[PDB]
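# Fold and geometry: a report
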Amino acid sequence: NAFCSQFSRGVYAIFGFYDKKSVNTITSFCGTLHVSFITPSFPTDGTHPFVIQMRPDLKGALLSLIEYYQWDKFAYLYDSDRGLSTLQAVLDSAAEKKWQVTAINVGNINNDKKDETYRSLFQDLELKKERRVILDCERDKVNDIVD
Amino acid sequence: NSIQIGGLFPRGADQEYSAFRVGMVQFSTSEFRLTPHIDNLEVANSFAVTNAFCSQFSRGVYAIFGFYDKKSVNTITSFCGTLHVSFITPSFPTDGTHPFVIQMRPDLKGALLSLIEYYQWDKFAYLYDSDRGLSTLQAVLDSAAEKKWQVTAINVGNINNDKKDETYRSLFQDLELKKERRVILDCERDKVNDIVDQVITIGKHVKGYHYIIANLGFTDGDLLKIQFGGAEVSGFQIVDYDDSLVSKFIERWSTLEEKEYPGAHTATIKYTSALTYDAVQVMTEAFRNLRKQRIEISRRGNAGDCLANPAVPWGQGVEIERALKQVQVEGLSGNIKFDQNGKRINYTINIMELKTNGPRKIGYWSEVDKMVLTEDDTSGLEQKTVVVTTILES
Amino acid sequence: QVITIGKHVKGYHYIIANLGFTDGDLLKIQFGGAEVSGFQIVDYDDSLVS
Ligand SMILES: *[C@@H]1O[C@H](CO)[C@@H](O)[C@H](O)[C@H]1NC(C)=O
């Protein structure tokens, strides 16, 4: 609605944000109606025309950092909010570079009792004595984990 | 009594639509008739799906049956939730609790994890396809932390098909560094045959390898090829051809003219198509339980534009949901029941193994009983030991 | 048949006893692993044949 509303008002370009759920709506409409969409949100997983992305791809910088510290076995706590684009990145590279990645979706954790979950989270991260963790989350979900 | 409904069929869903037609005939009554308005659009395209939905909504439908992709799924779940429109689909279950959505496909995530423990797997390769969402991928990865597994997940989806050979060779090259002999194929009926064919070519289908087809259509694909190879192949079957109910369906299905009913002249049926047929039955029993319940919901083709702002949900939709979700009949996919959300419950998924004589059910999986093996044990195995007699003499 | 039973993998060695080695389809038992030898009378490397 917000898109069609701004479109009926006759705009020349649209600046906004999208989620892992609404991203497809934007990329699709903007491509059909030839409307330009500028967004700071996470980059689209593919080549969607009429979309300007302010956020650079971190996927590359991350993989490079892992090799720098020479990591072979690490835990990868991810959040499905910005798409599993980076998750697939480390998993696919784990095949080539031969890594033992322990991916764990720290996203679907219900926040009104999220404690017996973290205790059971680092309980699995102790079976293999994981000492190297990668936090792929938002500025908020990170502080929760850090705490 | 004319009940207008919407039908969103992706271009290529021949057998699915054929099964949709047969259902209209088998479940047609004098009390009321269903009027399907078919719209063949590219299910992947989110924009097109939006139009097809608003179009069927302006035409004033009471319910919508169709399909969605990993991309357009959010559009459907969202609109149907806002406009209180019911959406029945055989497609993959939604990752969450989205109201006004009826899902014909049971969750395989549970049956898969149970099978892995049965074979006692600790290190296996997991070739997945991002088409049906990474819902099952997250399942095995999260369980890999608890059950302590060494999973080698590889996205076999983004493989460009106009040169997809130097990719498979480089795929099983990584699956040889750790000498992976146990692979789980989480793909569609098509992407599976492609892999199976490649497997036979490179000769990784001989004794020593173990494949698991992570879909509800184990017998839906061609197995005659990797049947005599030697490698053990397991999978899941939702359409039990041993049920007199299903057996009777095939008796009439296999005879139907393939001209009028595309891809319908076979002894088997894709689980997606079987769910479509069962979908019609659910919609019938639902609209029937509303007539016998003395509930008026009827309207006209003037619901208005779906983009109407503010968008006002027609109260008659709330009852249509409580109807479909309350339905409980017997179909091709076993006992059909639903919860308050729309996810199927109290269902049964047969665990299958591929032997020399062909596929064979070794047990089933219940949401409440986990895995339960049925008779089949080739008892015994030369157990006939040797009786050694001896005397007690130091 | 050889490919079906899987006797075309590394360890097996076949010899096609005819003058037409490239006359038949070899793309099938080419990536199997088993070594395959034969005989060719029509040299496609000759400028005459080429
Ligand atoms: C659950 O499913 C079984 C098998 O179809 C059925 O017999 C039973 O009635 C169901 N249970 C209830 C309480 O509905």
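Residues numbered from 1 in each chain as written, not as in the entry; some residues may be left out. Chains lettered and ligands numbered in written order. Part of a larger assembly, values for the part shown. Heavy atoms only, no water. Residues with missing side-chain atoms left out of burial classes, pairs and counts.

Per the deposition metadata, cryo-EM was the technique used to determine this entry, at a resolution of 8.7 Å.

This part takes up the overall build of chain C. In terms of regular secondary structure, chain C is built from one helix and two strands. A globule of 50 residues ought to have a C-alpha radius of gyration of about 10 Å, yet chain C, at 13 Å, is considerably larger. Every one of the 50 residues in chain C was classed for burial, and the buried ones make up 14%. Long-range contacts, defined as pairs at least 24 residues apart, comprise 20% of the intrachain contacts of chain C with a sequence gap of at least 6. On chain C, roughly 4000 Å² of surface is accessible, and the fraction owed to carbon and sulfur atoms is 58%. (Helix = DSSP H or I, 4+ residues; strand = E, 2+ residues; numbered from the N terminus. Rg over C-alpha atoms; globule rule 2.2 N^0.38 Å. Buried < 20%, exposed > 50% of the residue type's maximum accessible area, 1.4 Å probe, protein only. Contact = heavy atoms within 4.5 Å. Areas by Shrake-Rupley, 256 points an atom, 1.4 Å probe, with all protein chains shown as cover.)

Quick look at the interface of chain B and chain A now. With 25 residues of chain B at the interface, the matching set in chain A holds 24 residues. Those elements that provide at least two residues to the side of chain B that touches chain A are α2 (46-58), α3 (73-82), α5 (135-146) and β7 (150-155) of chain B. Take the side of chain B that touches chain A: its biggest share by element is five residues, from α5 of chain B. Here the side of chain B that touches chain A is built from residues that sort into ten nonpolar, ten polar and five charged. (Nonpolar A, V, L, I, M, F, W, Y, C, P; charged D, E, K, R; others polar.)

Further remarks concern the UniProt feature "disulfide bond" in chain B. Here the UniProt disulfide linking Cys54 of chain B with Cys306 of chain B is intact, its two sulfur atoms sitting 2.0 Å from each other. Placement of the pair is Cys54 of chain B in helix α2 and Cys306 of chain B in the loop between α9 (271-291) and α10 (316-324), with a sequence separation of 252 residues. (Disulfide = S-S within 2.5 Å. UniProt positions renumbered as here; feature names shortened; annotations may be inferred.)

What follows is about the pattern of salt bridges. Between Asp136 of chain A and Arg82 of chain A there is a salt bridge whose closest N-O contact spans 2.9 Å. Of this pair, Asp136 of chain A sits in strand β6 (residues 133-136) while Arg82 of chain A sits in the loop between β4 (73-78) and α4 (85-96); the two residues are 54 residues apart in sequence, bridging distant segments of the chain. Note that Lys225 of chain B and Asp197 of chain B form a salt bridge whose closest N and O atoms lie 3.1 Å from each other. In this pair, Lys225 of chain B is assigned in the loop between β9 (210-213) and β10 (232-237) and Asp197 of chain B in helix α7 (residues 189-202), connecting sequence segments 28 residues apart. One continuous salt-bridge network, built from bridges that share partners, spans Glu176, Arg181 and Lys204 of chain B. (Salt bridge = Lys/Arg side-chain N within 4 Å of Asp/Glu carboxyl O.)

Turning next to the sheet that holds strand β1 (residues 13-15) of chain A. Residues and elements named next belong to chain A. If you walk across this open sheet you meet the three strands as β1-β2-β3, and the pairing is parallel. Each edge of the sheet is formed by a strand with only one pairing partner; in this case those strands are β1 and β3 (51-53). Along the sheet, successive strands turn relative to each other by an average axial angle of 20 degrees, direction set aside. (Pairing = 2+ DSSP bridges. Axes fitted to C-alpha atoms, helices over the stretch in contact; angles between N-to-C directions.)

In this section: the environment of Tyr241 of chain B. All names here are of chain B. Tracing the backbone through its elements, the reader meets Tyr241 in the loop between β10 and α8 (244-253). Along the sequence, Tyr241 and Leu332 sit 91 residues apart, while their C-alpha atoms lie 8.5 Å from each other. A polar contact of 2.9 Å, which involves the side chain of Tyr241, links it to the backbone nitrogen of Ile269. (Polar contact = N/O pair within 3.5 Å; in protein donor to acceptor, adjacent residues only side chain to side chain.)

In this section: the state of the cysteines. Disulfide partner of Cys54 of chain B: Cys306 of chain B, at an S-S distance of 2.0 Å. Taking the torsion about the S-S bond as the criterion, the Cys54 of chain B to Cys306 of chain B disulfide, at about 100 degrees, is right-handed. Just so you know, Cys4 of chain A is unpaired, no disulfide at all, and the nearest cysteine sulfur is the one on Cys54 of chain B, 8.4 Å from it.

Time to look at the sheet that holds strand β13 (residues 348-354) of chain B. Ordered in space as β7-β6-β8-β9-β10-β13-β14-β15 (chain B), the eight strands form an open sheet in which the pairing is mixed. Only two strands of the sheet have a single neighbouring strand rather than two, namely β7 and β15 (370-373) of chain B. Strand-to-strand twist of the sheet, defined as the mean angle between neighbouring strand axes without regard to direction, takes the value 25 degrees. Where strand β6 (residues 123-128) of chain B and strand β8 (residues 182-186) of chain B come together, four bridges link them in parallel fashion. Looking across to β8 of chain B, one finds that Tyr126 of chain B is bridged to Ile184 of chain B. On top of the sheet, α4 of chain A reaches β6 and β7 of chain B; it is set at about 110 degrees to β7 of chain B, its chief contact.

With that settled, consider the interface of chain B and chain C. Contacts between chain B and chain C engage seven residues on the former and six residues on the latter. A breakdown of the residues in the side of chain B that touches chain C according to their chemical character gives three nonpolar, four polar and no charged.

All right, on to the side chain of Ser41 of chain A then. Mapped onto the elements of the fold, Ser41 of chain A is located in the loop between β2 (36-39) and β3. Apart from the residues within four sequence positions on either side, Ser41 of chain A is in contact with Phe17, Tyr18 and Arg55 of chain A.

A word on the arrangement of the chains. For the two pairs of chains in contact, the largest share of contacts goes to chains A and B. Separated in space, chain A and chain C share no contact, their closest pair of C-alpha atoms being 23 Å apart.

In this model, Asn309 of chain B is joined to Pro310 of chain B through a cis peptide bond whose omega is 0 degrees. The topology assignment puts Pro310 of chain B in the loop between α9 and α10. The residue after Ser379 of chain B, namely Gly380 of chain B, is reached through a cis peptide bond having omega 0 degrees. Secondary-structure assignment places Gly380 of chain B in the segment after β15. Residue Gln70 of chain A is not a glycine yet carries a positive backbone phi of 55 degrees. Locating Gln70 of chain A in the fold gives a position in the loop between α3 (59-68) and β4.

Inspection of the secondary structure assignment puts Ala267 of chain B in the loop between α8 and α9. Distance in space between the C-alpha atoms of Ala267 of chain B and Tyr241 of chain B is 9.4 Å, their sequence separation being 26 residues.

Turning our attention to the packing of α9 of chain B against α10 of chain B. Residue and element names in this part refer to chain B. Packing of α9 against α10 brings their axes to within 8 Å, and their N-to-C directions diverge by 120 degrees. Taken together, the axes of α9 and α10 lie oblique to each other. The handedness of the crossing between α9 and α10 comes out as right-handed. Each of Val282, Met283, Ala286 and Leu290 in α9 lies in contact with α10, whose residues at this interface are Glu319, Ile320, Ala323 and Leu324. Grouping the amino acids of the contact of α9 with α10 by side-chain chemistry returns seven nonpolar, no polar and one charged. (Parallel < 35°, antiparallel > 145°, perpendicular 65-115°, else oblique. Left-handed = near helix turned anticlockwise from the far one by under 90°.)

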